[PDB]
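Q: Structure incoming, see below.
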Amino acid sequence: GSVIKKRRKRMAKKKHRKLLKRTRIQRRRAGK
Amino acid sequence: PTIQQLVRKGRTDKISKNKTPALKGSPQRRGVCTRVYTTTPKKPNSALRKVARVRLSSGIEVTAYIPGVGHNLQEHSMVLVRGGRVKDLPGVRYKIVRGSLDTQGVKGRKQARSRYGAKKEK
Amino acid sequence: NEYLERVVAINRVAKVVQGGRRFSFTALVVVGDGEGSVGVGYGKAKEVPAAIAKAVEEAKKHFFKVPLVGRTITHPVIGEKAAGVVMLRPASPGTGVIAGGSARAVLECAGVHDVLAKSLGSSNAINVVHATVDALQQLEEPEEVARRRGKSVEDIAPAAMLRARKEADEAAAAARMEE
Amino acid sequence: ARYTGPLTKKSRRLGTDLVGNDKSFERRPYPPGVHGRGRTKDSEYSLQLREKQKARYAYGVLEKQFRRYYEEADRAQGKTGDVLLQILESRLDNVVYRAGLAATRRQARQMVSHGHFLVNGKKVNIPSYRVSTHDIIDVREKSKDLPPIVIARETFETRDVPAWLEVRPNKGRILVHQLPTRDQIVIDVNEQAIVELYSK
Amino acid sequence: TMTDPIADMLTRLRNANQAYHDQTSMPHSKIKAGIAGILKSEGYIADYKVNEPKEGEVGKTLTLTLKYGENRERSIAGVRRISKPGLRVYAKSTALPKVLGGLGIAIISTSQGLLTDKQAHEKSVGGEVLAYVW
RNA sequence: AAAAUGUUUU
RNA sequence: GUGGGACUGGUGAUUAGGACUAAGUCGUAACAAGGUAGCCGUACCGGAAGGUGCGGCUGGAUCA
RNA sequence: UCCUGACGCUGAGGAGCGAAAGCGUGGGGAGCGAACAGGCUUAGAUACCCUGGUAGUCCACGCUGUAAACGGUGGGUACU
RNA sequence: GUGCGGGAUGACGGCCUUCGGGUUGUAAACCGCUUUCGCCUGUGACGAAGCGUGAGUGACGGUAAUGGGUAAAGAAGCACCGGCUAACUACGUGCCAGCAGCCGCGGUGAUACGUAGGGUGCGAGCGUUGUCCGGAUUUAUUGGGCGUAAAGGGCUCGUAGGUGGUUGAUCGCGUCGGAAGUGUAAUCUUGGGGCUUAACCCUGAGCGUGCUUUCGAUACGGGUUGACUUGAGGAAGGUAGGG
RNA sequence: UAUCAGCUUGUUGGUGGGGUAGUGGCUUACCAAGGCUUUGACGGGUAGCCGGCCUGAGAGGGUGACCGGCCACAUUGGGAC
Ligand SMILES: [Mg+2]
Ligand SMILES: [Mg+2]
Ligand SMILES: [Mg+2]
Ligand SMILES: [Mg+2]
Ligand SMILES: [Mg+2]
Ligand SMILES: [Mg+2]
Ligand SMILES: [Mg+2]
Ligand SMILES: [Mg+2]
Ligand SMILES: [Mg+2]
Ligand SMILES: [Mg+2]
Ligand SMILES: [Mg+2]
Ligand SMILES: [Mg+2]
Ligand SMILES: [Mg+2]
Ligand SMILES: [Mg+2]
Ligand SMILES: [Mg+2]
Ligand SMILES: [Mg+2]
Ligand SMILES: [Mg+2]
Ligand SMILES: [Mg+2]
Ligand SMILES: [Mg+2]
Ligand SMILES: [Mg+2]
Ligand SMILES: [Mg+2]
Ligand SMILES: [Mg+2]
Ligand SMILES: [Mg+2]
Ligand SMILES: [Mg+2]
Ligand SMILES: [Mg+2]
Ligand SMILES: [Mg+2]
Ligand SMILES: [Mg+2]
Ligand SMILES: [Mg+2]
Ligand SMILES: [Mg+2]
Ligand SMILES: [Mg+2]
Ligand SMILES: [Mg+2]
Ligand SMILES: [Mg+2]
Ligand SMILES: [Mg+2]
Ligand SMILES: [Mg+2]
Ligand SMILES: [Mg+2]
Ligand SMILES: [Mg+2]
């Protein structure tokens, strides 16, 4: 493994988790 | 996989991506030129590639390249659109058939005339 | 001339140095007699002719006999060196060498005139050549099969194959005398 | 549907004498055109294609019909190249040429298509008529005195008739003893190369 | 656990032949003894013998002694199992397999006992294609 | 002991 | 005809991230011990890369 | 030595177990220590380093069910 | 089918050039021939062993076929020429105009753009587009893999399922071998025959990869049934450990 | 196609009657509580099926024009004569 693959997946996951943290309230008001 | 695994769940092929959905199973489709303009190609190339947003008769609107040195078609010009990709142009998957409907053959062609709709000259 | 050869592939390899890159040329040659002895040579040089000559002279000392049952392979084989798998099957006379470029060159130098060869696995010319080579080396001539099994050719091997071998030997006689 | 252009150009390109001798083929070692004297690479396709084109322009057969001949030979039992050459030789114009009633295969095609010949009693004007064994080709009685016919009657003694034909020159009658074998067709192409070509 | 004792016999023979062992041994079964017998009759092994148990005192032991020619040359070019327990292979009298272009022998269990392809074809009888020893 | 960066030629 | 559901297409102010393009701005997080070894799960924090805690990994190493 | 006499193997779905962090109720809280506050360094330092320091780390009962949960190598068997 | 043979003086003209020439090119000119198709004109069917009491009766149809006449004439285009891929140069253009299926080409010496000469592949076609299969073993039954390339479930228990050590007997479901029936014709493979050849057409056979019925075989798989202990589990004794 | 897991109440079976060329929940009355389904019922999507056709070394993959066989339909829905 070149660790680059893990870094790419790491950034994608971290960005999605940040999106979930910033949109936590709206999802529980109407949605998942 | 084991033979029992293949029996329980067999092989499945790939999806076989389609390339020209707007044609909808037709070799070429008629359309109207909703916009005629020029686009800068992607790098490493550089030019002013002539393209047109066309409303094809399938109801789909796509960008079509206009091949050959010379161009007459303009707004609301009826064209025939065939398949064909322009590699250094993202989002262009169709070309305009020269010499058919409103678009006309390239003026000074003497070689590969049929591909540009140029009638033979005496 | 005396020994028939094909240049399978040439490649421009380079070595990076402080000043820049030191390019070099590699040559695959297949040299055979056309009657059963064949070999392959790899050549390194700064120039194409030098690499080719080095490969040819290196191949001369790697000639191995191939058993031909009358201008065709004795029996089907599957060879593989590294990742280059090559399948060979005998074919009826007049079929020709239905083979890919490198394997076809190897077979044509070996003298096989009716063969069906397929290239499975990697398509690298060197590895495909080695796979064709050991596929041919896996060939097992009917007399030595009989010696292996402690029996006779008439007891082990197909009558059609033996017969075709006799008629091939007879055309051989023909050519010889005619000369 | 027939090559009418120069044949020496094709012979020079293919590197071999397609027909005749003692001619403009003194410029043989190089193909026609401005770029003729340059050194050539000659791939395997190049080689194969050259053999196929040599056969085609020798026998005056275009690509579709030559391909049809190829599948017929491939289906037939025996050596595919042998059967293909046998078919091409069994063509009627080639039969007239080999019997020697024509100076060249083009002249044979001319007379055959013009109908100066009878096949075992029936008039045939098809150059591709495949002559069968024990057949009797006859010159049309009206056209027994053609100028090309009398030239052939003057010259046939020098010409060599293959073993599978018997010719009554002055009578204009070509008896087909048997359908020819590879040893009887003159070796001037690589039918094996053609067979390999039609497999890629 | 053991699933295909015939495949175990074949792999024991292959491994011993590859390692140049003179003899190989295994628990005995009737079909194993038959295959060993036809291997000997076809000349792929020097001999075979069924031994009454005297070490484990439990069951018969089938022992194959192999043959290597001049300059230590393998008499077996390979052996392969065809009719696997997971997927069984049956061949008709017309569709009998050919091994190594006919040089090798397919071992076929027919209704008339174990018979090499050549034999079966002569008797026009098919069966279960056990092995492809060549 | 901390001590950043290096557009678009043809 | 009346009524209440099921499924589904288009569209939607506004909003979210993705891809590509200036040869834009802001830092330098990773690749060498990348200058605080990196990464995995999780947690919180921060313009942004990221920072830190807890446990784990070597796809790190020092010194043997 | 004894007993049973193929009772074996694997196992979709399913079920259980499953580091640490996290969550709920209650307890506990020395040390450590996200967050946080301050001091330094710096062009800036929402960091490294320093002084403090809350959850947590601990206990009871649940929940969560994820890890580079790695030998990055599924289980069983025979042979070399 | 658009011609065939001969024809060097290797003519002019294009194009290229090292200004020597080379090339188009036996190509042309020129000479001698032939008349398929087309055009003109004559003869002129089979299909009807039909039908009709007879007389009479062919839509196709003056059709096919065929005699005569004309003139070498009325009859060649399309794509491509950087590599894969058969076939190269000059001029124009100057990351512009444009090309491209991929690699890529064009920034002043472009065999890749445009034109021209030359060439190559095909030819009454030649290209482009669309779609399918192939190449692709790139879903691998034939015929692939999972330490690091994409791929071992976090681990175990266990249900259905898949799978089964040695051996006696028996059944004959799988399996194997005959027989009968069926698998229309056409297609397809192949042997003969007819259209001037071919395509096409007729005819004999094969194929129709199965199924049903029936008669056999019992090596293997399985069912039924009985043994054996070596796999597996248990008893008794011994025993290690941050389970 | 499981990002459709439950479906069915003349439904499953029984007895008597009716009906029909004819067997039959085809229909009817009464009795019983069945029937189908993770080996995928029910639902969604698409589609006339085949002899064949194309491709392929084969195994397969794609397809269902002409021709030939079966089915379905004839402005849409229903109905009988
Ligand atoms: Mg491999
Ligand atoms: Mg909107
Ligand atoms: Mg950094
Ligand atoms: Mg760092
Ligand atoms: Mg912080
Ligand atoms: Mg007992
Ligand atoms: Mg679970
Ligand atoms: Mg915890
Ligand atoms: Mg707590
Ligand atoms: Mg608390
Ligand atoms: Mg601190
Ligand atoms: Mg662990
Ligand atoms: Mg994993
Ligand atoms: Mg497991
Ligand atoms: Mg294992
Ligand atoms: Mg070339
Ligand atoms: Mg230029
Ligand atoms: Mg495939
Ligand atoms: Mg494809
Ligand atoms: Mg693979
Ligand atoms: Mg594995
Ligand atoms: Mg991986
Ligand atoms: Mg694991
Ligand atoms: Mg899980
Ligand atoms: Mg079980
Ligand atoms: Mg068993
Ligand atoms: Mg028994
Ligand atoms: Mg027929
Ligand atoms: Mg005939
Ligand atoms: Mg039939
Ligand atoms: Mg049993
Ligand atoms: Mg105990
Ligand atoms: Mg009733
Ligand atoms: Mg429909
Ligand atoms: Mg279908
Ligand atoms: Mg029909």
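Residues are referred to by chain and number: the chain letter is A, B, ... according to the order shown in the structure tokens, the number counts from 1 in that chain, and ligands are numbered separately from 1 in the order shown.
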Just want the 10 Å neighbourhood of residue 35 in chain E, counted on only C-alpha atoms (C1' of nucleotides), with same-chain residues fewer than 6 positions away dropped. Output as a list in words.
A: residues 6, 9, 10, 29, 41, 107, 108, 109, 114, 115, 116, 130 and 131 of chain E
Q: Specify as a PyMOL selection string all residues of chain H found within 6 Å of chain E, counting only C-alpha atoms (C1' of nucleotides).
A: chain H and resi 9+76-77+79-80
Q: Could you pull out the residues sitting within 10 Å of ligand 27, using only C-alpha atoms (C1' of nucleotides) and all ligand atoms, and write them as a ChimeraX atom specification?
A: /I:167-170,218-219
Q: Write the residues you've just listed into a file as a PDB file, in the first residue's frame, and include N, CA, C and O atoms (P, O5', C5', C4', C3', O3' and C1' of nucleotides) for each of them.
A:
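Result saved to part.pdb:
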```pdb
ATOM      1  P     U I 167     -13.186 -50.157   0.326  1.00  0.00           P
ATOM      2  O5'   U I 167     -14.129 -51.304   0.893  1.00  0.00           O
ATOM      3  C5'   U I 167     -13.582 -52.520   1.375  1.00  0.00           C
ATOM      4  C4'   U I 167     -14.598 -53.312   2.156  1.00  0.00           C
ATOM      5  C3'   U I 167     -15.890 -53.638   1.432  1.00  0.00           C
ATOM      6  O3'   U I 167     -15.768 -54.721   0.532  1.00  0.00           O
ATOM      7  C1'   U I 167     -16.386 -52.861   3.597  1.00  0.00           C
ATOM      8  P     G I 168     -16.873 -54.934  -0.612  1.00  0.00           P
ATOM      9  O5'   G I 168     -17.991 -55.806   0.104  1.00  0.00           O
ATOM     10  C5'   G I 168     -17.668 -57.060   0.678  1.00  0.00           C
ATOM     11  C4'   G I 168     -18.868 -57.697   1.328  1.00  0.00           C
ATOM     12  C3'   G I 168     -20.139 -57.734   0.500  1.00  0.00           C
ATOM     13  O3'   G I 168     -20.141 -58.754  -0.480  1.00  0.00           O
ATOM     14  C1'   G I 168     -20.652 -57.032   2.687  1.00  0.00           C
ATOM     15  P     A I 169     -20.890 -58.512  -1.879  1.00  0.00           P
ATOM     16  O5'   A I 169     -22.429 -58.429  -1.482  1.00  0.00           O
ATOM     17  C5'   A I 169     -23.104 -59.563  -0.966  1.00  0.00           C
ATOM     18  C4'   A I 169     -24.487 -59.218  -0.479  1.00  0.00           C
ATOM     19  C3'   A I 169     -25.433 -58.620  -1.504  1.00  0.00           C
ATOM     20  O3'   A I 169     -25.990 -59.582  -2.379  1.00  0.00           O
ATOM     21  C1'   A I 169     -25.576 -57.393   0.502  1.00  0.00           C
ATOM     22  P     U I 170     -26.236 -59.213  -3.922  1.00  0.00           P
ATOM     23  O5'   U I 170     -27.474 -58.213  -3.887  1.00  0.00           O
ATOM     24  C5'   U I 170     -28.744 -58.649  -3.430  1.00  0.00           C
ATOM     25  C4'   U I 170     -29.649 -57.484  -3.122  1.00  0.00           C
ATOM     26  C3'   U I 170     -29.945 -56.545  -4.278  1.00  0.00           C
ATOM     27  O3'   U I 170     -30.964 -57.033  -5.130  1.00  0.00           O
ATOM     28  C1'   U I 170     -29.374 -55.286  -2.364  1.00  0.00           C
ATOM     29  P     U I 218     -23.977 -56.885 -13.907  1.00  0.00           P
ATOM     30  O5'   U I 218     -23.320 -55.829 -12.920  1.00  0.00           O
ATOM     31  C5'   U I 218     -22.080 -55.214 -13.242  1.00  0.00           C
ATOM     32  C4'   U I 218     -21.863 -53.950 -12.452  1.00  0.00           C
ATOM     33  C3'   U I 218     -22.056 -54.085 -10.944  1.00  0.00           C
ATOM     34  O3'   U I 218     -21.105 -53.272 -10.265  1.00  0.00           O
ATOM     35  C1'   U I 218     -23.516 -52.433 -11.788  1.00  0.00           C
ATOM     36  P     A I 219     -19.826 -53.950  -9.575  1.00  0.00           P
ATOM     37  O5'   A I 219     -18.829 -52.735  -9.343  1.00  0.00           O
ATOM     38  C5'   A I 219     -17.476 -52.817  -9.759  1.00  0.00           C
ATOM     39  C4'   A I 219     -16.938 -51.463 -10.140  1.00  0.00           C
ATOM     40  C3'   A I 219     -17.438 -50.291  -9.316  1.00  0.00           C
ATOM     41  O3'   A I 219     -16.789 -50.167  -8.066  1.00  0.00           O
ATOM     42  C1'   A I 219     -17.553 -49.738 -11.597  1.00  0.00           C
TER      43        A I 219
END
```
Q: Pick from H:53, H:26, H:75, H:39: nearest to ligand 9, with only C-alpha atoms (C1' of nucleotides) and all ligand atoms counted?
A: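 Checking each candidate against ligand 9, we get H:26 as the closest.
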Q: Please provide as a compact mmCIF listing (two decimals) with N, CA and C atoms, in the first residue's frame all residues within 9 Å of residue 123 in chain E, with the sequence filter that same-chain residues fewer than 4 positions apart are discarded (counting only C-alpha atoms (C1' of nucleotides)).
A:
```txt
# COMPACT_ATOMS: atom_id res chain seq x y z
N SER E 93 -19.77 -43.08 -24.64
CA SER E 93 -18.87 -43.90 -25.44
C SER E 93 -18.32 -43.15 -26.64
N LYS E 118 -8.82 -45.94 -24.07
CA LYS E 118 -8.62 -46.80 -25.26
C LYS E 118 -9.51 -48.03 -25.11
N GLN E 119 -9.40 -48.70 -23.97
CA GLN E 119 -10.22 -49.91 -23.74
C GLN E 119 -11.69 -49.54 -23.94
```
Q: How many Å separate CA of residue 20 in chain B from CA of residue 93 in chain B?
A: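 Taking CA of residue 20 in chain B as the start and CA of residue 93 in chain B as the end point, the length is 6.8 Å.
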Q: Chain A: which residues are helix (DSSP H, G or I) by DSSP, as an MDAnalysis selection string?
A: chainID A and resid 4:22 24:29
Q: Could you turn the residues from that selection into a file that holds N, CA and C atoms, as a tab-separated table (two decimals), in the first residue's frame?
A:
```tsv
chain	number	residue	atom	x	y	z
A	4	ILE	N	-1.26	6.59	0.05
A	4	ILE	CA	-2.00	7.61	-0.68
A	4	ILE	C	-3.47	7.23	-0.79
A	5	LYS	N	-3.74	5.94	-1.01
A	5	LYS	CA	-5.12	5.48	-1.08
A	5	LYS	C	-5.84	5.70	0.25
A	6	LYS	N	-5.18	5.35	1.35
A	6	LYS	CA	-5.76	5.58	2.66
A	6	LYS	C	-5.94	7.06	2.95
A	7	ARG	N	-5.03	7.91	2.47
A	7	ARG	CA	-5.17	9.34	2.68
A	7	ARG	C	-6.35	9.91	1.89
A	8	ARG	N	-6.55	9.44	0.66
A	8	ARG	CA	-7.70	9.87	-0.12
A	8	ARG	C	-9.00	9.48	0.57
A	9	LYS	N	-9.09	8.22	1.00
A	9	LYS	CA	-10.29	7.78	1.71
A	9	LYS	C	-10.46	8.54	3.02
A	10	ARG	N	-9.36	8.85	3.70
A	10	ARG	CA	-9.42	9.61	4.94
A	10	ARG	C	-10.02	10.98	4.71
A	11	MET	N	-9.57	11.66	3.66
A	11	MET	CA	-10.10	13.00	3.40
A	11	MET	C	-11.57	12.94	3.01
A	12	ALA	N	-11.96	11.96	2.19
A	12	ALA	CA	-13.37	11.85	1.84
A	12	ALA	C	-14.23	11.62	3.07
A	13	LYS	N	-13.80	10.70	3.94
A	13	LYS	CA	-14.55	10.42	5.16
A	13	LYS	C	-14.62	11.64	6.07
A	14	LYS	N	-13.50	12.35	6.22
A	14	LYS	CA	-13.48	13.49	7.12
A	14	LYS	C	-14.38	14.61	6.61
A	15	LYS	N	-14.36	14.86	5.29
A	15	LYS	CA	-15.25	15.86	4.73
A	15	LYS	C	-16.71	15.48	4.92
A	16	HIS	N	-17.05	14.20	4.71
A	16	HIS	CA	-18.43	13.80	4.91
A	16	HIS	C	-18.85	13.93	6.37
A	17	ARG	N	-17.96	13.57	7.30
A	17	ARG	CA	-18.29	13.69	8.71
A	17	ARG	C	-18.45	15.15	9.11
A	18	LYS	N	-17.63	16.04	8.55
A	18	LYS	CA	-17.81	17.47	8.80
A	18	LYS	C	-19.15	17.95	8.26
A	19	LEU	N	-19.55	17.45	7.08
A	19	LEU	CA	-20.87	17.80	6.55
A	19	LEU	C	-21.98	17.34	7.47
A	20	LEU	N	-21.86	16.12	8.00
A	20	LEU	CA	-22.85	15.62	8.95
A	20	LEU	C	-22.90	16.47	10.21
A	21	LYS	N	-21.74	16.90	10.68
A	21	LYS	CA	-21.71	17.71	11.93
A	21	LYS	C	-22.37	19.06	11.66
A	22	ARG	N	-22.12	19.67	10.49
A	22	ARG	CA	-22.69	20.99	10.25
A	22	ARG	C	-24.18	20.92	9.91
A	24	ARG	N	-26.28	18.50	11.15
A	24	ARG	CA	-26.89	17.57	12.09
A	24	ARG	C	-28.33	17.96	12.41
A	25	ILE	N	-28.57	19.25	12.63
A	25	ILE	CA	-29.88	19.69	13.11
A	25	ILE	C	-30.94	19.52	12.03
A	26	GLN	N	-30.62	19.94	10.80
A	26	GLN	CA	-31.61	19.88	9.72
A	26	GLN	C	-32.03	18.44	9.44
A	27	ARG	N	-31.08	17.51	9.49
A	27	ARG	CA	-31.41	16.11	9.23
A	27	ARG	C	-32.40	15.57	10.26
A	28	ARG	N	-32.19	15.88	11.54
A	28	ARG	CA	-33.11	15.40	12.56
A	28	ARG	C	-34.42	16.17	12.59
A	29	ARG	N	-34.45	17.41	12.08
A	29	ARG	CA	-35.73	18.10	11.93
A	29	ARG	C	-36.55	17.46	10.82
```
Q: Write out as a tab-separated table a residue-level contact list of chain J versus range 126-149 of chain I with cut-off 9 Å: for each qualifying residue the closest pair of atoms and the distance in Å to one decimal, counting only C-alpha atoms (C1' of nucleotides), rows sorted by chain and residue number upward.
A:
```
residue	atom	partner	partner_atom	distance
J:54	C1'	I:133	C1'	7.6
J:55	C1'	I:133	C1'	4.3
J:56	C1'	I:134	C1'	6.7
J:58	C1'	I:142	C1'	8.3
J:59	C1'	I:142	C1'	5.8
J:61	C1'	I:133	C1'	6.7
J:62	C1'	I:132	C1'	5.8
J:63	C1'	I:132	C1'	8.5
```
Q: Ligand 2: which residues are within 12 Å, counting only C-alpha atoms (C1' of nucleotides) and all ligand atoms? Reply as a ChimeraX atom specification.
A: /G:11-16
Q: I need the chosen residues saved as a PDB file, in the first residue's frame, with C-alpha atoms (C1' of nucleotides).
A:
```pdb
ATOM      1  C1'   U G  11     -40.680  21.040 -11.738  1.00  0.00           C
ATOM      2  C1'   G G  12     -39.279  24.115  -7.331  1.00  0.00           C
ATOM      3  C1'   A G  13     -37.397  29.821  -4.201  1.00  0.00           C
ATOM      4  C1'   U G  14     -33.631  28.173  -1.313  1.00  0.00           C
ATOM      5  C1'   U G  15     -29.645  24.831  -0.126  1.00  0.00           C
ATOM      6  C1'   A G  16     -25.743  20.712  -0.157  1.00  0.00           C
TER       7        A G  16
END
```
Q: Counting only C-alpha atoms (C1' of nucleotides) and all ligand atoms, what are the residues, protein, DNA or RNA alike, that approach ligand 29 to within 10 Å? I want them as a VMD selection string.
A: (chain D and resid 130 132) or (chain I and resid 193 to 198)
Q: Residues contacting ligand 16 - anything with an atom at most 8 Å away, using only C-alpha atoms (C1' of nucleotides) and all ligand atoms - can you give me those as JSON, numbers by chain?
A: {"D": [41, 42, 43, 46], "I": [85, 86, 87]}
Q: Given the selection you just returned, output its residues as a file containing N, CA, C and O atoms (P, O5', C5', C4', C3', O3' and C1' of nucleotides), formatted as a PDB file, in the first residue's frame.
A:
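Result file out-v1.pdb:
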```pdb
ATOM      1  N   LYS D  41      10.423  -1.939 -44.744  1.00  0.00           N
ATOM      2  CA  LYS D  41      10.399  -2.725 -43.480  1.00  0.00           C
ATOM      3  C   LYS D  41       9.749  -4.089 -43.734  1.00  0.00           C
ATOM      4  O   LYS D  41      10.311  -5.095 -43.259  1.00  0.00           O
ATOM      5  N   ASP D  42       8.610  -4.116 -44.433  1.00  0.00           N
ATOM      6  CA  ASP D  42       7.935  -5.398 -44.785  1.00  0.00           C
ATOM      7  C   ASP D  42       7.503  -6.146 -43.519  1.00  0.00           C
ATOM      8  O   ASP D  42       8.216  -7.082 -43.122  1.00  0.00           O
ATOM      9  N   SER D  43       6.375  -5.755 -42.925  1.00  0.00           N
ATOM     10  CA  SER D  43       5.834  -6.486 -41.753  1.00  0.00           C
ATOM     11  C   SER D  43       5.306  -7.842 -42.219  1.00  0.00           C
ATOM     12  O   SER D  43       5.394  -8.124 -43.422  1.00  0.00           O
ATOM     13  N   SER D  46       2.310  -7.055 -44.280  1.00  0.00           N
ATOM     14  CA  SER D  46       2.864  -6.644 -45.590  1.00  0.00           C
ATOM     15  C   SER D  46       3.166  -7.877 -46.431  1.00  0.00           C
ATOM     16  O   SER D  46       2.725  -7.925 -47.585  1.00  0.00           O
TER      17      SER D  46
ATOM     18  P     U I  85      -1.759  -4.106 -37.509  1.00  0.00           P
ATOM     19  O5'   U I  85      -1.273  -3.157 -38.687  1.00  0.00           O
ATOM     20  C5'   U I  85      -1.248  -3.624 -40.030  1.00  0.00           C
ATOM     21  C4'   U I  85      -1.144  -2.490 -41.019  1.00  0.00           C
ATOM     22  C3'   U I  85      -0.090  -1.436 -40.700  1.00  0.00           C
ATOM     23  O3'   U I  85       0.459  -0.938 -41.918  1.00  0.00           O
ATOM     24  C1'   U I  85      -2.217  -0.419 -40.801  1.00  0.00           C
ATOM     25  P     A I  86       1.578  -1.780 -42.701  1.00  0.00           P
ATOM     26  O5'   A I  86       0.782  -2.442 -43.908  1.00  0.00           O
ATOM     27  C5'   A I  86       1.466  -3.031 -45.001  1.00  0.00           C
ATOM     28  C4'   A I  86       0.843  -2.632 -46.313  1.00  0.00           C
ATOM     29  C3'   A I  86       1.047  -1.185 -46.725  1.00  0.00           C
ATOM     30  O3'   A I  86       2.287  -0.987 -47.376  1.00  0.00           O
ATOM     31  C1'   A I  86      -1.233  -1.754 -46.952  1.00  0.00           C
ATOM     32  P     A I  87       3.475  -0.193 -46.646  1.00  0.00           P
ATOM     33  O5'   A I  87       3.572   1.169 -47.459  1.00  0.00           O
ATOM     34  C5'   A I  87       3.652   1.164 -48.877  1.00  0.00           C
ATOM     35  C4'   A I  87       2.768   2.227 -49.474  1.00  0.00           C
ATOM     36  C3'   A I  87       2.946   3.629 -48.914  1.00  0.00           C
ATOM     37  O3'   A I  87       4.038   4.319 -49.491  1.00  0.00           O
ATOM     38  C1'   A I  87       0.651   3.096 -48.974  1.00  0.00           C
TER      39        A I  87
END
```
Q: According to DSSP computed on the backbone, where in range 47-194 of chain D is there strand (DSSP E or B)? Give the residues as a ChimeraX atom specification.
A: /D:91,117-119,122-123,130,136-139,165-167,173-176
